[PDB]
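Let's start with one chain on its own, the form deposited in one PDB entry, as structure tokens.
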């Protein structure tokens, strides 16, 4: 017997649509924002970001914890065997979306995990450099879209990198206000919307088999 393609929290239909629509609305508002139009060089050396991020998750959205590749990924077997993983497998959770972000590569939503959910976050030998100085689980994210020649994986890195840019920042940096939060320009095509009111989505922790 083998492992899943990856473990994660898969949003209900109701919450997928709610978060997915939140994403589009952000893409549509950002692409029309003046600050964004001024930095368009990083997307086209106006633009509809909805089209730019044409590769979206087709069905339900999800928050990946541990990519296992059926055991072919390092740390995979070590993660699945954990008690908390077995005990949580199938259980429902509420994920907190604190921000939406975009880069030239990906678009997605930052997830802020509860202590219980942090127990479900892997602890591998191999770490992305961008996870430096950042608390565990920071990479927690929901992918909303990717550029044509970009892999979804990149979304987690794009989040981490963004968190580096704001590491030691304040809300006085905000470019301006969007209807649901403050907009930040972290340079180099990186934009983040920090939600005034955090979004909450029901999801189930389980294993996906591609």
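Numbering follows the first chain given and starts at 1. Here, rigid core means the biggest group of C-alpha atoms that superpose within 1.5 Å across both forms. Only residues modelled in both forms are compared.
In the deposited entry, the stretch joining residue 45 to residue 46 is interrupted by 4 to 9 residues of the deposited sequence lacking coordinates. Stretches compared: 103-111, 76-84. Higher mean C-alpha B-factor in the entry: 76-84.
Of the two stretches examined, 63-71 and 175-183, the record assigns the greater average C-alpha temperature factor to 175-183.
Taking the PDB entry at face value, the top CA B factor among 30, 50, 166, 160 belongs to 166.
Remark: residue 140 belongs to the lowest third of its chain, ranked by C-alpha B-factor as recorded. Annotation for residue 125: C-alpha temperature factor in the highest third relative to the rest of the modelled chain, per the entry. Compared with the other modelled residues of the chain, the Cα B-factor recorded for residue 188 ranks in the highest third. Residue 18: CA B factor in the middle third of modelled residues in this chain (values from the PDB entry). For residue 131, the recorded CA temperature factor ranks within the highest third of the chain's modelled residues.
The same protein has a further form, the form deposited in another entry, not shown here; the description that follows concerns it.
Of the residues checked (133, 128, 136, 104), the rigid-core alignment between this form and the one not shown shows a Cα shift of at least 2 Å for 128 alone.
Core-superposed comparison between this form and the one not shown: the Cα of residue 171 travels 2 Å or more. Compared with the form shown here, the C-alpha atoms of residue 155 and residue 130 sit at least 3 Å farther apart in the other entry. In contrast to the form presented, in the other entry the C-alpha positions of residue 129 and residue 194 draw closer by 3 Å or more.
Relative to the superposed core, shifted segments between this form and the one not shown, defined as three or more consecutive residues with every Cα moved by 2 Å or more, span 41-43, 125-131, 168-173.
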